[PDB]
Each structure stands twice: as structure tokens, then as C-alpha cells.
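A.B. asks: My questions will all concern the structure given below.
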Amino acid sequence: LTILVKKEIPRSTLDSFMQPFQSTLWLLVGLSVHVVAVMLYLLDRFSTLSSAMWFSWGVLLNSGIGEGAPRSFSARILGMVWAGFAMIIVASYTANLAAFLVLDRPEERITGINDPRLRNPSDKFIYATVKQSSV
Amino acid sequence: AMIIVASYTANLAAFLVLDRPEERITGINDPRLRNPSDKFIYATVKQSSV
Amino acid sequence: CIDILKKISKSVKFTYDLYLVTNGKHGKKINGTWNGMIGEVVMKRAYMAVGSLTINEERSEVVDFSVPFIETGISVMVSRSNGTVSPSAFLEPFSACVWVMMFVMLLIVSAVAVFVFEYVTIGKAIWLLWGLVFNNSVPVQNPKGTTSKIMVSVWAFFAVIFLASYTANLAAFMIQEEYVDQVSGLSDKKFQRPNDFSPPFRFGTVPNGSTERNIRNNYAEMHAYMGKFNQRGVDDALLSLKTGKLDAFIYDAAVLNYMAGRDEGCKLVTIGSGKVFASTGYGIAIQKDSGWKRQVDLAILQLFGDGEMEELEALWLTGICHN
Amino acid sequence: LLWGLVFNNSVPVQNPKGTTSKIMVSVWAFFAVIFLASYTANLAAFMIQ
Amino acid sequence: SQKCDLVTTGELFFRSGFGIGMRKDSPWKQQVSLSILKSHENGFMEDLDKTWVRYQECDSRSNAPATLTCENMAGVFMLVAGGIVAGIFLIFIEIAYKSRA
Amino acid sequence: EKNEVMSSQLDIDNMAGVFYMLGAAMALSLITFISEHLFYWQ
């Protein structure tokens, strides 16, 4: 003898492509990209317009199209810590998708014939027995 | 080359946290305990309550 | 079964005359004559055989048998380390629709490229679109800076999404993966061709027993090759399996499951599926036309009516990593 | 340019005429793959466990 | 196995078997269990299982742990296609700005 | 036992200290420009 129940499906949530887990956060990150480009252009202003319009998104998206390195090496150090931030951002993004994939499956199984769900007859666990049976 | 480096990363991540070998006993009703064998030497201190 | 016999003491009708058999293990028809416990149950030397013997056709014809109380079956056991092969891809890596929609997005923006080129080497531009999502680090001709250069950043963001999804799927399945390689397919063909497609397999059986007569009545063409492997002793076969000097040991899988649960590690396992090739039962031998066995079987069903043998199985037949 | 090494920069890089420094670029690029693999593996390891 | 959305949870709560009903002291208690042994001898019971119950229809509950499928996920590709016509409109805007500047 | 839950709507407290370490390196650039401004008088 065993017990048959209904299969509950822990659905895959394939819709996470348009979701992905931040979902309120990367917008202000993209705004910080723009104001960091303004920081670079203002460092190079008094002592390069398209390198403000470009080369900020490209170094985090791994396509470096622009005016390249600034003549000020301090702004080059700022770009260094910037792209290091980009590196840990994309690494953490991959790591948390891999976490979101296979982390948990919700509990469906009963703990055998000595279940406290079974031992205490409650309303939400309706059992059955076919009439005039051996059991 | 792309699928080589991707599979390399994936199998390092697999090798890291895949298995931990079993050390724990299954409580007081262990078949290791229920069958007194040589490799599980038990102890009791003398003149004790247990 | 000694505890079962103590429940026969509980069903108090009989007292005991114990005896340990000395010549022959179970019993074999030798020119009609029977040795073993069958040789004891004939000639009225023994009446009730409580030893772990199976109910069989050539045995039930001689004497009266009881109801079987333990489900038994013949299988094999191996000490096998397992694995899997992902054959040259991720077995069907993505959904194939997006895996060809990559080829669609190679072609939809070729028209945008050939339109903005007037503002032409579109074949160069096509391998620049391949120098897109895959990280190529190859030198790339760039335009004067326009919406195509916008689309480079767009599809670079898409490239990060692509490689992230691929790495996440790869890590997902190469963590979550089952391992079954060669359980039951070879048993009727490789094992029915034991050395014809492979270096030869060291089989595992016993000298005397019902399994030898079964395998000589069903698959006798392999039992002659099996005749080089007639290991006396179950633990000796276990140690020969530990030394790699055995392929698999053919035996009743109740004892095999018990010893596999009671293995030190569990490199040594059963077939795993539980698909026993035989399906028989363990019972008690009675003299023919002895009316007591009816009331004995009534007490056997009395035992069955409360499930004490599950508790004695928790007392006796319980393993370690058989879970 | 040594910072335009292990971190994937995609920034334009002045290259020499081709010598053992260019050998070392490939050496530290192999090291870069080892680096990013180790970092991603550790990150996934703790953010699961 | 046949119908989906149905799984069994535990293990053998009882242990039994299926026999043949016979009125008591029937002479056909002979050879019936021996024919069961004969059907066991050739594996004819397994042939009957191949006839009926060795046919798996619904998938197992091993836990597919995950899946390869991403069939409806081209909303990023739809955002790409919506940005394509925005790029054509912005090409017209850049033409207007070239005419201005 | 206890178990593990997934983490969506990401914990924003990491990027705040990321911005903190960003602005920390931002402050060095101004005094580096001032040191270069004093290097022209030497």
C-alpha cells in the first residue's frame, strides 16, 4: 500500500529575463554611469564631448568605442575603479542568476504514514477509503 | 573556445560544493549501534547512572 | 526468522526441537536423491524447515509449503562509480528557437547596416556582428558613430544577458544531474555476449543453489562461461568485487540489498532500480498432509495484520546509505 | 595596459613590435581566465551556500 | 505513469500479494501455483508487463531538476526590435540635426 | 531544519558602500590636480 496525491509543480519562472532580480536598482546605476561620465568630462574640462557621450557604457558593456584613455592619469585611475565596479557587477549578476535557478524546491511530500498531518485529523487533509475494502 | 571556457567555469563551480561525505550517525537506533561490531567501539564510564 | 519462531512460541501450539543441518546446504536432486535440508525434510528426519530457503517448483512437488512471507528476487550487484557525458554541447543548450533567433538577428539588421552605409562591405559587417555577442577581442572596423554604434551597446547588454544565461544553465545542470549508465541493458545481451564486445567479465554465482538450475534452464549458453566463476562464499565474492576481480554477483536481491545497506561505504550498490529478475518468496517446509500448517498460516496472517515484521526489519534488516 | 590585462577592458591598447612581452600578454590572459573563473566560482559558491 | 499531475509520496505501508480464489478442498488447487512458478520460469509475467505496464507516459519526479527551455523569452529581443525603429526615427533626427548643424 | 530563500529585489546596501568607495577615490583626484598645480611652481 501507498498513498497517491496531486503533483504540485514548482514552476520554472522563465519570465525572469525581463524581471532580473534587481528590478528597481540598475536604473539608478545607469544614471550613475552618466554622472560619472560628467565627472570625467569635468576633470578634463578646465585642464572630449563624445567621450562623455560614449566610453562610459562601453567599458561596462565590454565594447570600448570612444576617445580612449584621458591624458590625466588620475581620471584613468577613476576609470580603473569604475571598470572594476563593472566587473564585480556582472559577476554578481551571473552568480545570483545561478543562485535563483536551483536554490529551493517547496515541500510537497508527507512524512510517511506517521504524519502529524495524518495523526491529527484536520479539515485540510481529506482522506479516503473505498467502501467494502480490505483496508 | 567559448564553450570550453564556459564548461571549465561550470565544472569548477560543480567541483567546489557538490558533495560532503557522510559522517553522522542516524541517532540512537543506528544499525551500526544495533549490531555490535568491532569498528564502533562504544564507552561507558564506570559506576555511572547510564 | 528466529524472532518469527518466537512468534510461533507466541502462537503457543508447538514446542521446539532445533537442529543444524550438516550435509548439503539446501538440497539438490542427485540421481533423484536429495541432500541438504530437503534431504532432512524427506525420510522424516526433519519436519519444519525454518531456514532461509525459497519456495520453488521442484521443491514444492516433494513436500508441503507454507505461505511466503518475504518477497524475494534474483538480481546482481556491482561496485560502480558513475558519471555522465554532455556530448559536445549542452545536450540541447537553449530553446532552439532563440538559438536560431540569433541567426535571425544576424540578418534583420543587415538591412539597417546597408541603409546606414549610404550615410559597402556588409559581409565585413556580418562578421562584425559575429564579433558581437561572442567575446572575440578581434580588431573591428568602426563607423563614424551613429545608431549602429548605439546597437553595439544594445547587443553588448544582450551579450551579457546571453553569457549569463548560458553559464547559469550550465552550472544548473552540472550540479543537478543523475547518474545511471549500464544497469539492465547488458544483462540480456552482454551477459548473453559476455566477452564478444568487451574484455571478459568475471561473473559471480554459487556452486549449489536454485539459481544455477534456473540459469541453466533459461540462459545455459552463458553458464558454461560462468563455470569458471563458482565462488564459494558471499563475503569472498564481495572482496573479489572489491579487488576488481568480479563483474557482478548473481544472487537473491534481499540479501544483496541488506549487505549493500550494510556496506562500509556504498561504492558497492545493487542494480539500484530494484528490478528483480526473479519474483519468488521465502516460506516454511511442512510434511505433506499435515493439517497444522493451516493454523500456522493463520498465525502468519495474524503477524501480517499488525506489521510487526516491519519493526523487526527495523531491528534486523536496516542499512546505512540505502536511503 | 597591464591594467587593460586581466580585467576585460575592451579599451584600445598600444601594442609593441611583437616579442616576449606579447608572449606574456597571452600568459596573463590565460591567468585572467583562471582569475575570473575562480572569482565566479567563489561567488556562486557562497551565494548558494 | 499514465496520467500526469499525480504522484505517490511514501513507501509500502502494507506488504501482500494476489492469489486465486478457490472454494475449499477444490481439486484444482493442484498445479495453479505451479503454473504461477512456470510463468515465473519463462518470465511470462514480464511479457504481460511489457504488454501493459512497461509503458511510461508521464515524466518522472526525479527533480527534471531544471530545464533547457527558454521558448518565450524574446522580450529582450522585442525590446531590441522596438529600439530598431527608434533607431530609424533617430536616423531621421540625425539627418535633421545634420541639416541644422 | 532551517533552509534557504531566494534573493530577488536585491539588497541595495552593497552598492551604497560601492558608491562610498567610489567617492573615496574621487577625493584623491582633486588633491592630485592640486599637487600637479603646485608642480608647475617647482
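Here, A, B, ... name the chains of the C-alpha cells in the order displayed, residue numbers run from 1 inside each chain, and ligands are numbered from 1 in the same displayed order.
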Dump as a PyMOL selection string the residues of chain F that approach chain A to within 9 Å, counting only C-alpha atoms.

C.D. replies: chain F and resi 3-12+15+18+22+25-26+28-30+32-33

A.B. asks: Could you take the residues named above and write them with N, CA and C atoms, as an mmCIF file, in the first residue's frame?

C.D. replies:
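Result saved to selection.cif:
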```
data_model
loop_
_atom_site.group_PDB
_atom_site.id
_atom_site.type_symbol
_atom_site.label_atom_id
_atom_site.label_comp_id
_atom_site.auth_asym_id
_atom_site.auth_seq_id
_atom_site.Cartn_x
_atom_site.Cartn_y
_atom_site.Cartn_z
ATOM 1 N N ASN F 3 16.216 26.513 6.285
ATOM 2 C CA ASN F 3 16.504 26.368 4.865
ATOM 3 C C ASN F 3 16.912 27.722 4.303
ATOM 4 N N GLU F 4 16.940 27.806 2.977
ATOM 5 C CA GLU F 4 17.428 28.975 2.261
ATOM 6 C C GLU F 4 16.327 29.525 1.367
ATOM 7 N N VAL F 5 16.252 30.848 1.271
ATOM 8 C CA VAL F 5 15.277 31.525 0.428
ATOM 9 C C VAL F 5 16.029 32.262 -0.676
ATOM 10 N N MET F 6 15.373 32.435 -1.818
ATOM 11 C CA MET F 6 15.973 33.175 -2.916
ATOM 12 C C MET F 6 15.946 34.673 -2.623
ATOM 13 N N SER F 7 16.822 35.407 -3.311
ATOM 14 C CA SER F 7 17.022 36.834 -3.056
ATOM 15 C C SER F 7 16.786 37.632 -4.334
ATOM 16 N N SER F 8 15.531 37.992 -4.575
ATOM 17 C CA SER F 8 15.174 38.998 -5.559
ATOM 18 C C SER F 8 14.878 40.304 -4.829
ATOM 19 N N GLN F 9 14.741 41.387 -5.605
ATOM 20 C CA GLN F 9 14.696 42.771 -5.114
ATOM 21 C C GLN F 9 15.921 43.055 -4.240
ATOM 22 N N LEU F 10 17.065 43.062 -4.939
ATOM 23 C CA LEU F 10 18.393 42.862 -4.363
ATOM 24 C C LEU F 10 18.708 43.850 -3.247
ATOM 25 N N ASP F 11 19.473 43.369 -2.271
ATOM 26 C CA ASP F 11 19.844 44.122 -1.079
ATOM 27 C C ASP F 11 20.733 45.281 -1.495
ATOM 28 N N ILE F 12 20.167 46.490 -1.464
ATOM 29 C CA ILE F 12 20.804 47.670 -2.035
ATOM 30 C C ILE F 12 21.980 48.172 -1.210
ATOM 31 N N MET F 15 25.669 48.372 -2.967
ATOM 32 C CA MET F 15 26.022 49.426 -3.905
ATOM 33 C C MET F 15 26.160 50.786 -3.234
ATOM 34 N N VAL F 18 29.639 50.626 -2.332
ATOM 35 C CA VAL F 18 30.323 50.753 -3.620
ATOM 36 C C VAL F 18 30.454 52.223 -4.006
ATOM 37 N N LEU F 22 33.663 54.614 -4.238
ATOM 38 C CA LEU F 22 33.805 55.434 -5.437
ATOM 39 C C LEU F 22 34.141 56.875 -5.077
ATOM 40 N N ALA F 25 37.745 57.387 -3.704
ATOM 41 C CA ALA F 25 38.744 57.564 -4.748
ATOM 42 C C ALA F 25 38.526 58.839 -5.547
ATOM 43 N N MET F 26 37.297 59.363 -5.559
ATOM 44 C CA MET F 26 37.029 60.637 -6.216
ATOM 45 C C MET F 26 37.737 61.793 -5.523
ATOM 46 N N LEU F 28 40.645 61.827 -4.108
ATOM 47 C CA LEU F 28 42.080 61.861 -4.360
ATOM 48 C C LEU F 28 42.409 62.627 -5.636
ATOM 49 N N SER F 29 41.483 62.654 -6.598
ATOM 50 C CA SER F 29 41.741 63.283 -7.891
ATOM 51 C C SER F 29 41.892 64.796 -7.778
ATOM 52 N N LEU F 30 41.118 65.432 -6.897
ATOM 53 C CA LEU F 30 41.209 66.881 -6.736
ATOM 54 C C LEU F 30 42.530 67.287 -6.098
ATOM 55 N N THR F 32 45.174 65.502 -6.200
ATOM 56 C CA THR F 32 46.206 65.168 -7.174
ATOM 57 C C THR F 32 46.353 66.274 -8.211
ATOM 58 N N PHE F 33 45.231 66.866 -8.632
ATOM 59 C CA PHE F 33 45.284 68.031 -9.510
ATOM 60 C C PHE F 33 45.917 69.228 -8.811
#
```

A.B. asks: Which residues in range 126-311 of chain C does DSSP call strand (DSSP E)? List them as a short mmCIF file (atom, residue, chain, number, x, y, z; two decimals) with N, CA, C and O atoms, in the first residue's frame.

C.D. replies:
```cif
data_model
loop_
_atom_site.label_atom_id
_atom_site.label_comp_id
_atom_site.auth_asym_id
_atom_site.auth_seq_id
_atom_site.Cartn_x
_atom_site.Cartn_y
_atom_site.Cartn_z
N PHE C 203 32.13 -13.35 -13.65
CA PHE C 203 30.77 -13.45 -13.16
C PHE C 203 30.77 -13.83 -11.68
O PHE C 203 31.80 -14.19 -11.11
N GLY C 204 29.60 -13.76 -11.06
CA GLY C 204 29.51 -14.18 -9.67
C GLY C 204 28.30 -15.04 -9.34
O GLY C 204 27.17 -14.56 -9.41
N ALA C 248 29.84 -8.90 -11.66
CA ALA C 248 28.62 -8.80 -10.87
C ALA C 248 28.32 -10.16 -10.25
O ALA C 248 28.66 -11.19 -10.83
N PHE C 249 27.68 -10.14 -9.09
CA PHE C 249 27.36 -11.35 -8.34
C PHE C 249 25.87 -11.63 -8.47
O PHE C 249 25.04 -10.84 -8.02
N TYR C 251 22.61 -13.27 -7.37
CA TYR C 251 22.12 -13.75 -6.09
C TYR C 251 20.72 -13.19 -5.86
O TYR C 251 20.26 -12.32 -6.60
N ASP C 252 20.06 -13.71 -4.83
CA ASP C 252 18.77 -13.16 -4.43
C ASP C 252 18.97 -11.79 -3.80
O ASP C 252 19.76 -11.61 -2.88
N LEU C 268 29.92 -0.06 -3.34
CA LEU C 268 29.17 -1.28 -3.63
C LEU C 268 27.68 -1.01 -3.47
O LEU C 268 27.22 -0.65 -2.39
N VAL C 269 26.93 -1.17 -4.56
CA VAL C 269 25.50 -0.97 -4.55
C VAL C 269 24.83 -2.16 -5.23
O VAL C 269 25.49 -3.11 -5.66
N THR C 270 23.52 -2.09 -5.31
CA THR C 270 22.73 -3.05 -6.07
C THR C 270 22.61 -2.56 -7.51
O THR C 270 23.37 -1.68 -7.94
N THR C 280 9.93 -14.37 -6.29
CA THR C 280 9.57 -15.55 -5.52
C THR C 280 9.44 -15.15 -4.06
O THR C 280 9.48 -13.96 -3.72
N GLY C 281 9.30 -16.14 -3.19
CA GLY C 281 9.09 -15.88 -1.78
C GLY C 281 9.74 -16.88 -0.85
O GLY C 281 10.00 -18.02 -1.24
N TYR C 282 10.01 -16.45 0.38
CA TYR C 282 10.59 -17.33 1.39
C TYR C 282 9.49 -17.87 2.29
O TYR C 282 8.69 -17.10 2.82
N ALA C 285 8.85 -25.20 5.06
CA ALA C 285 8.56 -26.53 4.54
C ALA C 285 7.85 -27.37 5.60
O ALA C 285 8.28 -27.41 6.76
N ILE C 286 6.78 -28.05 5.19
CA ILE C 286 5.97 -28.88 6.06
C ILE C 286 5.89 -30.26 5.42
O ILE C 286 6.01 -30.40 4.20
#
```

A.B. asks: Which residues are near residue 42 in chain D? Cut-off 8 Å, only C-alpha atoms, ignore same chain within fewer than 4 positions. Put them as a list in words.

C.D. replies: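 My list of contacting residues is residues 13 of chain B; 38 and 46 of chain D.
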
A.B. asks: What's around residue 73 in chain E at 12 Å? Count only C-alpha atoms, leave out sequence neighbours fewer than 5 positions away in its own chain, and write the answer as a ChimeraX atom specification.

C.D. replies: /A:13-19 /C:94-99,101,161-162,165 /E:78-79

A.B. asks: Select all residues from chain B having any atom no more than 12 Å from an atom of chain A (counting only C-alpha atoms, ignoring ligands), output as a CSV table (one decimal) with N, CA and C atoms, in the first residue's frame.

C.D. replies:
```csv
chain,number,residue,atom,x,y,z
B,9,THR,N,34.5,26.9,-16.3
B,9,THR,CA,34.0,27.6,-15.1
B,9,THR,C,32.9,26.8,-14.4
B,10,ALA,N,32.0,26.1,-15.2
B,10,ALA,CA,30.9,25.4,-14.7
B,10,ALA,C,31.3,24.2,-13.9
B,13,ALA,N,32.8,25.3,-10.6
B,13,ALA,CA,31.7,25.6,-9.7
B,13,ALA,C,31.0,24.3,-9.2
B,14,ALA,N,31.0,23.3,-10.1
B,14,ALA,CA,30.5,22.0,-9.7
B,14,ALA,C,31.4,21.3,-8.7
```

A.B. asks: Need to verify the contact set: range 24-31 of chain E, 12 Å, only C-alpha atoms, exclusion of same-chain residues closer than 4 positions in sequence. Can you return it as a PyMOL selection string?

C.D. replies: (chain C and resi 57+60-61+64) or (chain E and resi 19-20+35-39)

A.B. asks: Could you write out as a list in words the residues of chain A within 6 Å of chain E, counting only C-alpha atoms?

C.D. replies: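 Result: residues 1, 2, 3, 4, 5, 6, 7, 109 and 112 of chain A.
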
A.B. asks: Tell me the residues of chain C close to chain A, meaning within 6 Å using only C-alpha atoms, as a PyMOL selection string.

C.D. replies: chain C and resi 156-157+164+168

A.B. asks: Kindly determine which residues of chain D lie within 10 Å of chain C, considering only C-alpha atoms, and give the answer as a list in words.

C.D. replies: residues 8, 10, 12, 41 and 44 of chain D

A.B. asks: Excluding residue 122 in chain C and its own-chain neighbours fewer than 5 positions away, which residues fall within 12 Å of it when counting only C-alpha atoms? Please give them as number ranges by chain.

C.D. replies: C: 106-107, 109-117, 127-129, 141

A.B. asks: Could you please take those selected residues and save C-alpha atoms as an mmCIF file, in the first residue's frame?

C.D. replies:
```
data_model
loop_
_atom_site.group_PDB
_atom_site.id
_atom_site.type_symbol
_atom_site.label_atom_id
_atom_site.label_comp_id
_atom_site.auth_asym_id
_atom_site.auth_seq_id
_atom_site.Cartn_x
_atom_site.Cartn_y
_atom_site.Cartn_z
ATOM 1 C CA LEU C 106 22.234 38.497 -37.671
ATOM 2 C CA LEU C 107 20.016 39.044 -40.714
ATOM 3 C CA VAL C 109 19.939 44.411 -39.105
ATOM 4 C CA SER C 110 21.936 43.745 -42.262
ATOM 5 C CA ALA C 111 19.285 45.911 -43.932
ATOM 6 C CA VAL C 112 19.838 48.615 -41.302
ATOM 7 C CA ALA C 113 23.587 48.335 -41.929
ATOM 8 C CA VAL C 114 23.219 48.623 -45.706
ATOM 9 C CA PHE C 115 20.864 51.577 -45.190
ATOM 10 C CA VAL C 116 23.215 53.474 -42.857
ATOM 11 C CA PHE C 117 26.233 52.701 -45.054
ATOM 12 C CA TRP C 127 31.409 39.060 -39.119
ATOM 13 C CA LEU C 128 31.456 42.214 -37.026
ATOM 14 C CA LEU C 129 28.013 41.096 -35.858
ATOM 15 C CA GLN C 141 36.137 48.365 -38.185
#
```

A.B. asks: Using only C-alpha atoms, find the residues of chain B whose closest atom to chain C is at most 9 Å away, then write them as a tab-separated table (two decimals) with N, CA and C atoms, in the first residue's frame.

C.D. replies:
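Printed below is out_25.tsv as written:
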```tsv
chain	number	residue	atom	x	y	z
B	2	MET	N	34.74	29.41	-26.68
B	2	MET	CA	33.73	29.95	-25.77
B	2	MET	C	33.09	28.86	-24.93
B	3	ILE	N	32.72	27.74	-25.57
B	3	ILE	CA	32.07	26.69	-24.78
B	3	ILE	C	33.09	25.96	-23.92
B	6	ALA	N	33.46	28.23	-20.83
B	6	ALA	CA	32.22	28.19	-20.07
B	6	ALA	C	32.09	26.87	-19.30
B	7	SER	N	32.40	25.75	-19.96
B	7	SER	CA	32.35	24.45	-19.30
B	7	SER	C	33.42	24.33	-18.21
B	9	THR	N	34.52	26.86	-16.27
B	9	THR	CA	33.97	27.57	-15.11
B	9	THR	C	32.87	26.77	-14.44
B	10	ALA	N	32.00	26.15	-15.25
B	10	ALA	CA	30.86	25.41	-14.71
B	10	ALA	C	31.31	24.19	-13.94
B	11	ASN	N	32.35	23.51	-14.42
B	11	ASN	CA	32.80	22.34	-13.68
B	11	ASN	C	33.67	22.67	-12.48
B	13	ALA	N	32.81	25.27	-10.56
B	13	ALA	CA	31.71	25.56	-9.65
B	13	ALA	C	31.00	24.28	-9.21
B	14	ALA	N	30.98	23.27	-10.07
B	14	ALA	CA	30.49	21.96	-9.66
B	14	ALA	C	31.42	21.28	-8.66
B	15	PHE	N	32.74	21.33	-8.90
B	15	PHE	CA	33.70	20.64	-8.04
B	15	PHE	C	33.77	21.26	-6.66
B	17	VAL	N	31.28	22.69	-4.47
B	17	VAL	CA	30.29	22.48	-3.42
B	17	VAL	C	29.35	21.33	-3.73
B	18	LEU	N	29.85	20.28	-4.39
B	18	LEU	CA	28.97	19.20	-4.81
B	18	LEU	C	28.59	18.31	-3.63
B	22	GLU	N	29.62	11.42	4.26
B	22	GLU	CA	28.74	11.20	5.39
B	22	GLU	C	29.53	10.80	6.63
B	25	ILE	N	25.90	9.72	12.47
B	25	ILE	CA	25.12	8.52	12.69
B	25	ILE	C	23.63	8.86	12.67
B	26	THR	N	22.81	7.84	12.51
B	26	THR	CA	21.36	8.02	12.40
B	26	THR	C	20.68	7.87	13.77
B	29	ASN	N	19.16	4.68	17.20
B	29	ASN	CA	18.73	3.42	16.60
B	29	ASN	C	19.55	3.08	15.37
B	30	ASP	N	20.84	3.38	15.41
B	30	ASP	CA	21.73	3.09	14.31
B	30	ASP	C	21.91	1.58	14.17
B	31	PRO	N	21.81	1.03	12.96
B	31	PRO	CA	22.28	-0.35	12.74
B	31	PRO	C	23.77	-0.53	13.00
B	32	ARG	N	24.57	0.54	12.91
B	32	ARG	CA	25.93	0.48	13.44
B	32	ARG	C	25.91	0.25	14.94
B	34	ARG	N	23.00	-0.87	16.68
B	34	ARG	CA	22.16	-2.03	16.97
B	34	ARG	C	22.90	-3.35	16.78
B	35	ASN	N	23.77	-3.43	15.78
B	35	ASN	CA	24.65	-4.58	15.64
B	35	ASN	C	25.99	-4.23	16.25
```

A.B. asks: Please extract the residues of range 51-101 of chain E with a backbone DSSP assignment of helix (DSSP H, G or I) and present them as a PyMOL selection string.

C.D. replies: chain E and resi 51+75-100
